[PDB]
Amino acid sequence: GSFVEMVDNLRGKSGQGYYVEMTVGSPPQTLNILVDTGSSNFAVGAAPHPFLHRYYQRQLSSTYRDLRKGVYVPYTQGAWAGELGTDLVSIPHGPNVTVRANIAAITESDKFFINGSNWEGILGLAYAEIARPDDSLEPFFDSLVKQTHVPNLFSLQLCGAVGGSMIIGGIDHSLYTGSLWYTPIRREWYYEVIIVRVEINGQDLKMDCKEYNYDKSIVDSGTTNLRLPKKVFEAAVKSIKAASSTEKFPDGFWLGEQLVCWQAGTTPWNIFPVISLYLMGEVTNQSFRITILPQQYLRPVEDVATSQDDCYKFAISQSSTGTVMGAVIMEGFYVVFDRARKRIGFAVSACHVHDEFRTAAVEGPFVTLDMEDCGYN
Ligand SMILES: COc1cc(Cl)cc(CN2CCC(NC(=O)COc3ccc(S(N)(=O)=O)cc3)CC2)c1OC(C)C
């Protein structure tokens, strides 16, 4: 593989996101940056903070240029304020290029930096339409493609229990098995896609597909869980509960309020159903589906101290938008963000967490009519 030096360039915690090393300024200042396909701003801590091991020191960078404008970014969980500017940026374990990119220097924040997360910034990989202050602030990837010959495409292999790979400018065939199935990027703001069908253990949830995408369905490496619209979430939980009747769990478990732990190496994965999401294909009336295992939607909680107990939290929750395909979904696959051809590809990951009975899968093609009517106008 020609992209071998980019393999395993991501690190992280089982629910605190994946980050890549990025070198900023001159002389070099390397920091750990979160890879987020759900946002579009490149920002780094630039002032002391109890949860920051290190930060960007603008005064020490001779190539830093203050844009003399402030920026504020409120996320679904947390927010920060900073100063806009530009500086030289490189990804040591990424493409062999250096570009001058917009960079937000975070000077104040609220519930942003986590105690012992190891990351000091965030790399928004989505489009300009959702960038702050507005769409005039060119996102990092856009600068990369405009300033260099690096192809307009990147792929993510997020491996769960953490590490992974972000391949920029191409596809690394060693990171997946089987074929890559593509779904259209509906609009270029978030990485919006269209879900046309949902099954629990092969059983169709039988809801109007418009409910699956009400508002918008997206692929977001920045969100941990698989988030579903309220009406869809309720139906899905009812079905998952029925399919896992071998054992009973408290209501709060399905609501993510309570956790359930099992003796080390005794989690009854076989009692939980597989979940399949059908995505619009590239050909008229054609779709494909991705199937995830409970090992994906049941995530391990920060262990106490190598104790003989494995605690898990239900990683499917309620969303106030359409379906948000977070890390729990992506961890089972190699995901190709083919911006050049406005499509997202899915293939079984070479690091998919499965067992001897079942495995994550990407299968097709299937015949699905009126898929267009599933999207929100
Ligand atoms: C470890 O923590 C993080 C890891 C990573 Cl990589 C990135 C971030 C920030 N990132 C999270 C993802 C978010 N995505 C959307 O905003 C997409 O649009 C949505 C709209 C509605 C909904 S809802 N209301 O229905 O749930 C959900 C999503 C963008 C911001 C994290 O936060 C830390 C503080 C830095």
# chains A, B, ... in the order shown; residues from 1 in each chain; ligands from 1
>>> residues_around(residues="residue 20 in chain A", least_positions_apart="5", cutoff="9 Å", atoms="only C-alpha atoms", output="list in words")
residues 9, 10, 11, 12, 31, 32, 33, 34, 35, 91, 93, 94, 119, 123, 165 and 166 of chain A
>>> residues_near_ligand(ligand="ligand 1", cutoff="6 Å", atoms="only C-alpha atoms and all ligand atoms", output="short mmCIF file (atom, residue, chain, number, x, y, z; two decimals) with N, CA, C and O atoms, in the first residue's frame")
data_model
loop_
_atom_site.label_atom_id
_atom_site.label_comp_id
_atom_site.auth_asym_id
_atom_site.auth_seq_id
_atom_site.Cartn_x
_atom_site.Cartn_y
_atom_site.Cartn_z
N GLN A 16 -14.28 9.41 23.78
CA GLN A 16 -13.83 10.79 23.82
C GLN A 16 -13.29 11.25 22.48
O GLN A 16 -12.58 12.24 22.40
N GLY A 17 -13.64 10.51 21.43
CA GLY A 17 -13.21 10.86 20.08
C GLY A 17 -11.82 10.41 19.66
O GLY A 17 -11.01 9.99 20.48
N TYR A 18 -11.57 10.50 18.36
CA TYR A 18 -10.28 10.12 17.80
C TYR A 18 -9.52 11.39 17.41
O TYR A 18 -10.12 12.36 16.92
N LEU A 34 -8.74 16.55 17.40
CA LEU A 34 -9.90 15.70 17.18
C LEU A 34 -10.37 15.74 15.73
O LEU A 34 -10.47 16.80 15.14
N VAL A 35 -10.66 14.57 15.18
CA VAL A 35 -11.15 14.46 13.80
C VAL A 35 -12.67 14.43 13.86
O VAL A 35 -13.27 13.45 14.31
N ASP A 36 -13.29 15.52 13.40
CA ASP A 36 -14.73 15.66 13.45
C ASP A 36 -15.40 15.95 12.10
O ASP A 36 -15.28 17.05 11.57
N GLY A 38 -18.44 16.17 11.76
CA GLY A 38 -19.70 16.84 12.06
C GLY A 38 -19.59 18.35 12.21
O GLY A 38 -20.58 19.01 12.51
N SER A 39 -18.38 18.90 12.04
CA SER A 39 -18.17 20.35 12.15
C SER A 39 -17.17 20.83 11.09
O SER A 39 -16.56 20.03 10.41
N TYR A 75 -21.30 23.91 20.44
CA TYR A 75 -21.55 22.57 19.93
C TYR A 75 -22.71 21.98 20.71
O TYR A 75 -23.14 22.55 21.71
N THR A 76 -23.22 20.84 20.26
CA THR A 76 -24.33 20.19 20.96
C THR A 76 -23.95 19.99 22.42
O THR A 76 -24.80 19.98 23.30
N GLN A 77 -22.65 19.84 22.66
CA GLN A 77 -22.14 19.64 24.01
C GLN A 77 -20.89 20.47 24.27
O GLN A 77 -19.78 20.03 23.97
N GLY A 78 -21.08 21.67 24.81
CA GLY A 78 -19.95 22.54 25.10
C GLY A 78 -19.80 23.68 24.11
O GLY A 78 -20.52 23.74 23.11
N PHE A 112 -15.52 21.89 27.17
CA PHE A 112 -14.92 21.51 25.90
C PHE A 112 -13.80 20.52 26.16
O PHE A 112 -13.91 19.36 25.81
N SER A 221 -18.21 11.65 12.76
CA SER A 221 -17.19 11.02 13.60
C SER A 221 -17.09 11.71 14.97
O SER A 221 -16.50 11.17 15.90
N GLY A 222 -17.68 12.90 15.07
CA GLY A 222 -17.64 13.65 16.32
C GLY A 222 -18.70 13.25 17.34
O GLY A 222 -18.66 13.67 18.50
N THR A 223 -19.68 12.47 16.90
CA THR A 223 -20.74 12.00 17.79
C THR A 223 -20.44 10.54 18.11
O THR A 223 -20.13 9.76 17.23
N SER A 319 -32.22 11.81 19.26
CA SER A 319 -31.66 12.95 18.55
C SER A 319 -32.74 13.99 18.31
O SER A 319 -33.91 13.66 18.19
N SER A 320 -32.35 15.25 18.25
CA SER A 320 -33.31 16.31 17.99
C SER A 320 -33.21 16.72 16.52
O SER A 320 -33.63 17.81 16.14
N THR A 321 -32.66 15.82 15.71
CA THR A 321 -32.51 16.03 14.27
C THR A 321 -32.86 14.71 13.59
O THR A 321 -33.72 13.99 14.07
#
>>> select_by_dssp(residues="range 93-277 of chain A", states="helix (DSSP H, G or I)", output="PyMOL selection string")
chain A and resi 128-130+140-147+173-175+209-213+230-243+251-254+269-271
>>> write_last_selection(atoms="N, CA, C and O atoms", output="short mmCIF file (atom, residue, chain, number, x, y, z; two decimals), in the first residue's frame")
data_model
loop_
_atom_site.label_atom_id
_atom_site.label_comp_id
_atom_site.auth_asym_id
_atom_site.auth_seq_id
_atom_site.Cartn_x
_atom_site.Cartn_y
_atom_site.Cartn_z
N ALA A 128 -18.00 24.30 4.31
CA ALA A 128 -18.03 25.71 4.70
C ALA A 128 -19.38 26.24 5.15
O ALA A 128 -19.45 27.13 6.00
N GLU A 129 -20.46 25.69 4.59
CA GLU A 129 -21.80 26.15 4.93
C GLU A 129 -22.08 26.19 6.43
O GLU A 129 -22.82 27.05 6.90
N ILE A 130 -21.48 25.27 7.19
CA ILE A 130 -21.72 25.27 8.63
C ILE A 130 -20.55 25.77 9.47
O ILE A 130 -20.50 25.55 10.68
N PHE A 140 -10.38 23.69 6.81
CA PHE A 140 -9.06 23.13 6.55
C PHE A 140 -8.96 22.30 5.27
O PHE A 140 -8.06 22.52 4.46
N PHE A 141 -9.86 21.34 5.09
CA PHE A 141 -9.75 20.47 3.92
C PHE A 141 -9.88 21.23 2.62
O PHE A 141 -9.25 20.90 1.63
N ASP A 142 -10.71 22.27 2.63
CA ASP A 142 -10.89 23.08 1.43
C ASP A 142 -9.56 23.77 1.11
O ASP A 142 -9.17 23.85 -0.04
N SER A 143 -8.86 24.26 2.14
CA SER A 143 -7.57 24.91 1.92
C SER A 143 -6.59 23.88 1.37
O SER A 143 -5.84 24.16 0.43
N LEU A 144 -6.61 22.69 1.95
CA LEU A 144 -5.72 21.61 1.52
C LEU A 144 -5.86 21.30 0.03
O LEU A 144 -4.86 21.20 -0.70
N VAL A 145 -7.10 21.14 -0.42
CA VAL A 145 -7.37 20.82 -1.81
C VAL A 145 -7.04 21.97 -2.77
O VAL A 145 -6.56 21.75 -3.86
N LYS A 146 -7.29 23.20 -2.33
CA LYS A 146 -7.02 24.37 -3.16
C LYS A 146 -5.53 24.69 -3.29
O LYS A 146 -5.07 25.12 -4.34
N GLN A 147 -4.78 24.47 -2.21
CA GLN A 147 -3.36 24.78 -2.20
C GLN A 147 -2.41 23.67 -2.65
O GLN A 147 -1.25 23.93 -2.91
N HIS A 173 -6.50 -0.02 0.49
CA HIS A 173 -7.16 -1.32 0.37
C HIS A 173 -6.87 -2.32 1.48
O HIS A 173 -7.56 -3.31 1.60
N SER A 174 -5.85 -2.06 2.29
CA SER A 174 -5.53 -2.99 3.37
C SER A 174 -6.43 -2.74 4.58
O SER A 174 -6.48 -3.55 5.50
N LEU A 175 -7.16 -1.63 4.56
CA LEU A 175 -8.03 -1.28 5.68
C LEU A 175 -9.44 -1.84 5.59
O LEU A 175 -10.24 -1.63 6.50
N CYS A 209 -40.19 6.15 5.93
CA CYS A 209 -38.79 6.53 5.81
C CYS A 209 -38.49 8.02 6.01
O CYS A 209 -37.36 8.39 6.29
N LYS A 210 -39.50 8.88 5.87
CA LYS A 210 -39.27 10.31 6.09
C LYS A 210 -38.87 10.57 7.55
O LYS A 210 -38.13 11.51 7.85
N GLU A 211 -39.37 9.73 8.45
CA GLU A 211 -39.07 9.88 9.87
C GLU A 211 -37.59 9.61 10.16
O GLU A 211 -37.03 10.17 11.10
N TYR A 212 -36.97 8.75 9.35
CA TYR A 212 -35.56 8.41 9.54
C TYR A 212 -34.64 9.59 9.26
O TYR A 212 -33.56 9.70 9.83
N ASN A 213 -35.08 10.47 8.37
CA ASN A 213 -34.27 11.61 7.97
C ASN A 213 -34.88 12.96 8.27
O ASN A 213 -34.39 13.98 7.78
N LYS A 230 -36.64 10.90 17.88
CA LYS A 230 -37.50 10.39 18.96
C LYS A 230 -38.45 9.27 18.53
O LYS A 230 -38.40 8.16 19.08
N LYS A 231 -39.30 9.55 17.56
CA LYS A 231 -40.26 8.56 17.09
C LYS A 231 -39.59 7.27 16.61
O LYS A 231 -40.12 6.18 16.80
N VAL A 232 -38.43 7.40 15.99
CA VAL A 232 -37.69 6.23 15.49
C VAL A 232 -37.03 5.52 16.66
O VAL A 232 -37.03 4.30 16.74
N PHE A 233 -36.45 6.29 17.58
CA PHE A 233 -35.78 5.74 18.75
C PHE A 233 -36.72 4.83 19.55
O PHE A 233 -36.36 3.71 19.93
N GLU A 234 -37.93 5.31 19.81
CA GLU A 234 -38.91 4.54 20.57
C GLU A 234 -39.20 3.20 19.91
O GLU A 234 -39.17 2.16 20.57
N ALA A 235 -39.48 3.22 18.61
CA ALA A 235 -39.77 2.00 17.87
C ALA A 235 -38.57 1.06 17.88
O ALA A 235 -38.73 -0.15 18.06
N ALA A 236 -37.38 1.61 17.69
CA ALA A 236 -36.17 0.79 17.67
C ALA A 236 -35.93 0.11 19.02
O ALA A 236 -35.60 -1.07 19.08
N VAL A 237 -36.11 0.86 20.11
CA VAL A 237 -35.90 0.30 21.44
C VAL A 237 -36.89 -0.82 21.72
O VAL A 237 -36.53 -1.86 22.25
N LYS A 238 -38.15 -0.59 21.37
CA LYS A 238 -39.18 -1.60 21.59
C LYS A 238 -38.78 -2.88 20.87
O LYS A 238 -38.88 -3.97 21.42
N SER A 239 -38.31 -2.74 19.63
CA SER A 239 -37.89 -3.90 18.85
C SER A 239 -36.64 -4.57 19.40
O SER A 239 -36.55 -5.79 19.45
N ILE A 240 -35.66 -3.77 19.82
CA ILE A 240 -34.43 -4.33 20.37
C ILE A 240 -34.73 -5.09 21.66
O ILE A 240 -34.17 -6.16 21.91
N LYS A 241 -35.61 -4.54 22.48
CA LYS A 241 -35.99 -5.17 23.75
C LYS A 241 -36.64 -6.52 23.49
O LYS A 241 -36.33 -7.50 24.15
N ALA A 242 -37.55 -6.56 22.52
CA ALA A 242 -38.25 -7.79 22.18
C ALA A 242 -37.28 -8.86 21.69
O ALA A 242 -37.40 -10.03 22.04
N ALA A 243 -36.31 -8.44 20.88
CA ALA A 243 -35.33 -9.36 20.32
C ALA A 243 -34.31 -9.85 21.35
O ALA A 243 -33.63 -10.84 21.12
N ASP A 251 -35.39 -0.03 32.39
CA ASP A 251 -35.75 0.98 31.40
C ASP A 251 -34.65 2.01 31.21
O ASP A 251 -34.38 2.44 30.09
N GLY A 252 -34.02 2.41 32.31
CA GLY A 252 -32.96 3.40 32.25
C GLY A 252 -31.77 2.97 31.42
O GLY A 252 -31.00 3.80 30.94
N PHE A 253 -31.61 1.66 31.24
CA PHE A 253 -30.50 1.15 30.44
C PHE A 253 -30.67 1.58 28.99
O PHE A 253 -29.73 2.06 28.36
N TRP A 254 -31.88 1.41 28.46
CA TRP A 254 -32.17 1.78 27.08
C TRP A 254 -32.17 3.30 26.90
O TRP A 254 -32.08 3.79 25.78
N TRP A 269 -23.22 -11.44 24.03
CA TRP A 269 -23.43 -10.75 22.77
C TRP A 269 -24.52 -11.40 21.92
O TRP A 269 -25.29 -10.72 21.27
N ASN A 270 -24.57 -12.72 21.96
CA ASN A 270 -25.53 -13.50 21.18
C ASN A 270 -27.01 -13.25 21.48
O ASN A 270 -27.86 -13.64 20.70
N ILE A 271 -27.31 -12.60 22.60
CA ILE A 271 -28.71 -12.33 22.94
C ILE A 271 -29.19 -11.01 22.36
O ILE A 271 -30.39 -10.73 22.36
#
>>> closest_residue(among="A:293, A:298, A:103, A:327", to="residue 312 in chain A", atoms="only C-alpha atoms")
A:298
>>> residues_around(residues="range 195-206 of chain A", least_positions_apart="5", cutoff="6 Å", atoms="only C-alpha atoms", output="VMD selection string")
chain A and resid 273 to 279
>>> write_last_selection(atoms="C-alpha atoms", output="PDB file, in the first residue's frame")
ATOM      1  CA  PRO A 273     -29.852  -8.391  17.707  1.00  0.00           C
ATOM      2  CA  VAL A 274     -27.937  -6.943  14.792  1.00  0.00           C
ATOM      3  CA  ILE A 275     -29.129  -3.619  13.423  1.00  0.00           C
ATOM      4  CA  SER A 276     -29.252  -2.851   9.709  1.00  0.00           C
ATOM      5  CA  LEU A 277     -29.447   0.574   8.103  1.00  0.00           C
ATOM      6  CA  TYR A 278     -30.297   0.783   4.411  1.00  0.00           C
ATOM      7  CA  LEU A 279     -28.777   3.696   2.519  1.00  0.00           C
TER       8      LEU A 279
END
>>> closest_atom_pairs(of="range 85-183 of chain A", to="range 65-74 of chain A", cutoff="7 Å", atoms="only C-alpha atoms", output="Markdown table")
| residue | atom | partner | partner_atom | distance |
| --- | --- | --- | --- | --- |
| A:85 | CA | A:66 | CA | 4.2 |
| A:86 | CA | A:65 | CA | 5.2 |
| A:87 | CA | A:65 | CA | 6.3 |
| A:132 | CA | A:73 | CA | 6.6 |
| A:133 | CA | A:71 | CA | 5.9 |
>>> write_last_selection(atoms="N, CA and C atoms", output="short mmCIF file (atom, residue, chain, number, x, y, z; two decimals), in the first residue's frame")
data_model
loop_
_atom_site.label_atom_id
_atom_site.label_comp_id
_atom_site.auth_asym_id
_atom_site.auth_seq_id
_atom_site.Cartn_x
_atom_site.Cartn_y
_atom_site.Cartn_z
N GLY A 85 -7.21 33.55 12.90
CA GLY A 85 -5.93 33.89 12.31
C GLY A 85 -5.55 32.79 11.35
N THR A 86 -4.35 32.86 10.78
CA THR A 86 -3.91 31.80 9.88
C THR A 86 -2.47 31.45 10.22
N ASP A 87 -2.06 30.23 9.90
CA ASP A 87 -0.70 29.82 10.16
C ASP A 87 -0.43 28.61 9.28
N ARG A 132 -18.16 28.65 11.33
CA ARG A 132 -18.41 29.88 12.09
C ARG A 132 -17.17 30.75 11.87
N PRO A 133 -17.33 32.08 11.84
CA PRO A 133 -18.56 32.87 11.99
C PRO A 133 -19.57 32.63 10.88
#
>>> select_by_dssp(residues="range 119-236 of chain A", states="strand (DSSP E or B)", output="ChimeraX atom specification")
/A:121-124,154-159,163-168,176-184,188,191-193,195-200,203-204,217-219,226-229
>>> write_last_selection(atoms="N, CA and C atoms", output="compact mmCIF listing (two decimals), in the first residue's frame")
# COMPACT_ATOMS: atom_id res chain seq x y z
N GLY A 121 -7.33 20.22 20.45
CA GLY A 121 -8.01 21.00 19.44
C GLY A 121 -8.97 20.14 18.66
N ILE A 122 -9.56 20.70 17.62
CA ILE A 122 -10.51 19.97 16.80
C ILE A 122 -10.34 20.34 15.34
N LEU A 123 -10.51 19.35 14.47
CA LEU A 123 -10.38 19.55 13.03
C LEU A 123 -11.73 19.26 12.39
N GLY A 124 -12.46 20.31 12.03
CA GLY A 124 -13.76 20.15 11.42
C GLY A 124 -13.58 19.82 9.95
N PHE A 154 -10.94 11.77 1.60
CA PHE A 154 -10.27 11.23 2.77
C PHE A 154 -11.11 10.05 3.24
N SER A 155 -10.49 9.14 3.98
CA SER A 155 -11.21 7.97 4.47
C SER A 155 -10.85 7.75 5.93
N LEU A 156 -11.79 7.19 6.69
CA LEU A 156 -11.58 6.94 8.10
C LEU A 156 -11.84 5.50 8.50
N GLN A 157 -10.89 4.92 9.21
CA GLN A 157 -11.03 3.57 9.73
C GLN A 157 -10.91 3.76 11.23
N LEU A 158 -12.05 3.82 11.91
CA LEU A 158 -12.06 4.00 13.35
C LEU A 158 -12.20 2.63 14.00
N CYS A 159 -11.18 2.20 14.73
CA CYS A 159 -11.22 0.89 15.38
C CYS A 159 -11.60 1.06 16.84
N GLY A 163 -7.72 3.20 18.57
CA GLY A 163 -6.91 3.70 17.48
C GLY A 163 -7.61 3.62 16.13
N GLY A 164 -6.92 4.07 15.09
CA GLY A 164 -7.51 4.05 13.76
C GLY A 164 -6.64 4.73 12.72
N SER A 165 -7.20 4.93 11.53
CA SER A 165 -6.45 5.56 10.45
C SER A 165 -7.27 6.59 9.68
N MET A 166 -6.63 7.70 9.34
CA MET A 166 -7.27 8.72 8.53
C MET A 166 -6.39 8.79 7.29
N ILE A 167 -6.90 8.29 6.17
CA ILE A 167 -6.13 8.30 4.94
C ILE A 167 -6.59 9.52 4.15
N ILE A 168 -5.66 10.42 3.85
CA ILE A 168 -5.99 11.63 3.13
C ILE A 168 -5.49 11.61 1.69
N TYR A 176 -9.74 -2.53 4.50
CA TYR A 176 -11.08 -3.11 4.37
C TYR A 176 -11.09 -4.40 3.57
N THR A 177 -12.22 -5.10 3.66
CA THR A 177 -12.41 -6.34 2.94
C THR A 177 -13.73 -6.20 2.20
N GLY A 178 -13.91 -6.98 1.15
CA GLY A 178 -15.14 -6.91 0.39
C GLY A 178 -15.19 -5.67 -0.48
N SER A 179 -16.38 -5.29 -0.91
CA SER A 179 -16.54 -4.13 -1.77
C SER A 179 -16.97 -2.88 -1.02
N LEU A 180 -16.74 -1.74 -1.65
CA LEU A 180 -17.13 -0.45 -1.10
C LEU A 180 -18.47 -0.10 -1.74
N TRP A 181 -19.44 0.25 -0.90
CA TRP A 181 -20.77 0.63 -1.37
C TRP A 181 -20.96 2.11 -1.10
N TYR A 182 -21.36 2.85 -2.13
CA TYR A 182 -21.53 4.29 -1.98
C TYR A 182 -22.96 4.82 -1.89
N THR A 183 -23.13 5.82 -1.03
CA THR A 183 -24.41 6.49 -0.88
C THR A 183 -24.12 7.95 -1.23
N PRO A 184 -25.08 8.64 -1.85
CA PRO A 184 -24.88 10.04 -2.23
C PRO A 184 -24.83 11.03 -1.07
N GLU A 188 -23.95 19.48 0.51
CA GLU A 188 -22.63 19.74 1.05
C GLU A 188 -22.61 20.79 2.17
N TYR A 191 -22.19 16.01 6.32
CA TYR A 191 -22.10 14.94 5.34
C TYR A 191 -23.47 14.27 5.40
N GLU A 192 -24.44 14.89 4.73
CA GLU A 192 -25.82 14.40 4.72
C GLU A 192 -26.07 13.25 3.76
N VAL A 193 -26.74 12.23 4.28
CA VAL A 193 -27.09 11.05 3.52
C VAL A 193 -28.57 10.73 3.76
N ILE A 195 -31.26 7.60 4.70
CA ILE A 195 -31.52 6.24 5.17
C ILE A 195 -32.91 5.89 4.65
N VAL A 196 -33.03 4.74 3.99
CA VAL A 196 -34.30 4.34 3.40
C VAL A 196 -35.01 3.18 4.10
N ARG A 197 -34.33 2.53 5.03
CA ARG A 197 -34.95 1.40 5.72
C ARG A 197 -34.11 1.02 6.93
N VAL A 198 -34.78 0.55 7.97
CA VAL A 198 -34.10 0.13 9.20
C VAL A 198 -34.68 -1.21 9.63
N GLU A 199 -33.80 -2.16 9.94
CA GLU A 199 -34.24 -3.48 10.38
C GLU A 199 -33.54 -3.87 11.67
N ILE A 200 -34.25 -4.61 12.51
CA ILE A 200 -33.70 -5.10 13.77
C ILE A 200 -33.77 -6.61 13.62
N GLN A 203 -35.77 -7.71 10.78
CA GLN A 203 -37.17 -7.29 10.81
C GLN A 203 -37.32 -5.79 10.60
N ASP A 204 -37.96 -5.43 9.50
CA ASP A 204 -38.19 -4.03 9.15
C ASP A 204 -38.94 -3.29 10.26
N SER A 217 -30.08 13.45 8.00
CA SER A 217 -29.34 12.30 8.54
C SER A 217 -27.90 12.57 8.11
N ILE A 218 -26.95 12.38 9.02
CA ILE A 218 -25.55 12.66 8.72
C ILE A 218 -24.57 11.60 9.23
N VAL A 219 -23.34 11.66 8.72
CA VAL A 219 -22.26 10.77 9.14
C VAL A 219 -21.36 11.70 9.94
N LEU A 226 -25.22 6.31 17.98
CA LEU A 226 -26.06 6.25 16.79
C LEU A 226 -27.25 7.00 17.36
N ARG A 227 -27.53 8.18 16.82
CA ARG A 227 -28.65 8.96 17.32
C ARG A 227 -29.83 8.88 16.35
N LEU A 228 -31.00 8.57 16.89
CA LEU A 228 -32.22 8.43 16.10
C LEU A 228 -33.31 9.42 16.52
N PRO A 229 -34.16 9.83 15.57
CA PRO A 229 -35.24 10.77 15.90
C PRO A 229 -36.13 10.10 16.95
>>> residues_around(residues="residue 59 in chain A", least_positions_apart="2", cutoff="12 Å", atoms="only C-alpha atoms", output="short mmCIF file (atom, residue, chain, number, x, y, z; two decimals) with N, CA, C and O atoms, in the first residue's frame")
data_model
loop_
_atom_site.label_atom_id
_atom_site.label_comp_id
_atom_site.auth_asym_id
_atom_site.auth_seq_id
_atom_site.Cartn_x
_atom_site.Cartn_y
_atom_site.Cartn_z
N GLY A 25 2.46 26.27 12.92
CA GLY A 25 3.42 27.34 13.12
C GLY A 25 4.88 27.10 12.81
O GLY A 25 5.27 26.05 12.30
N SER A 26 5.68 28.10 13.16
CA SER A 26 7.12 28.07 12.94
C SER A 26 7.83 28.85 14.04
O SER A 26 7.56 30.03 14.22
N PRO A 27 8.70 28.19 14.82
CA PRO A 27 9.07 26.77 14.74
C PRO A 27 7.86 25.87 15.00
O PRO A 27 6.83 26.33 15.51
N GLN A 29 4.95 23.39 16.28
CA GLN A 29 4.21 23.19 17.52
C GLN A 29 3.21 22.09 17.18
O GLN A 29 2.25 22.32 16.47
N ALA A 46 -5.36 27.64 22.94
CA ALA A 46 -4.26 28.59 22.80
C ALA A 46 -3.99 29.36 24.08
O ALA A 46 -3.41 30.44 24.06
N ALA A 47 -4.43 28.81 25.21
CA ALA A 47 -4.23 29.45 26.50
C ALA A 47 -4.40 28.37 27.56
O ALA A 47 -5.10 27.39 27.34
N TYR A 55 -0.61 23.73 24.74
CA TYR A 55 -1.43 24.57 23.89
C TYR A 55 -0.61 25.34 22.88
O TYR A 55 0.61 25.40 22.96
N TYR A 56 -1.31 25.92 21.92
CA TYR A 56 -0.73 26.71 20.84
C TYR A 56 -0.31 28.08 21.35
O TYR A 56 -1.13 28.81 21.92
N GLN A 57 0.96 28.41 21.16
CA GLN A 57 1.51 29.69 21.59
C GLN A 57 1.79 30.55 20.36
O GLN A 57 2.87 30.50 19.77
N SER A 61 5.14 31.70 17.21
CA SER A 61 5.09 31.33 15.80
C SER A 61 5.29 32.56 14.91
O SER A 61 4.45 33.46 14.89
N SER A 62 6.39 32.60 14.18
CA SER A 62 6.67 33.74 13.31
C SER A 62 5.77 33.82 12.09
O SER A 62 5.64 34.89 11.48
N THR A 63 5.13 32.71 11.73
CA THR A 63 4.27 32.69 10.55
C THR A 63 2.80 32.92 10.84
O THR A 63 1.98 32.98 9.94
N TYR A 64 2.47 33.07 12.12
CA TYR A 64 1.09 33.31 12.53
C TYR A 64 0.64 34.71 12.09
O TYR A 64 1.39 35.67 12.21
N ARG A 65 -0.58 34.79 11.58
CA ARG A 65 -1.17 36.06 11.14
C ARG A 65 -2.54 36.23 11.80
O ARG A 65 -3.45 35.47 11.53
N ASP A 66 -2.67 37.23 12.66
CA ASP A 66 -3.94 37.46 13.34
C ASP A 66 -4.93 38.08 12.36
O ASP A 66 -4.63 39.09 11.74
N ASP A 87 -2.06 30.23 9.90
CA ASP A 87 -0.70 29.82 10.16
C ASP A 87 -0.43 28.61 9.28
O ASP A 87 -1.34 28.07 8.65
N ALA A 105 -7.89 30.28 17.58
CA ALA A 105 -7.13 30.10 18.81
C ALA A 105 -8.10 30.19 19.98
O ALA A 105 -8.62 31.27 20.29
#
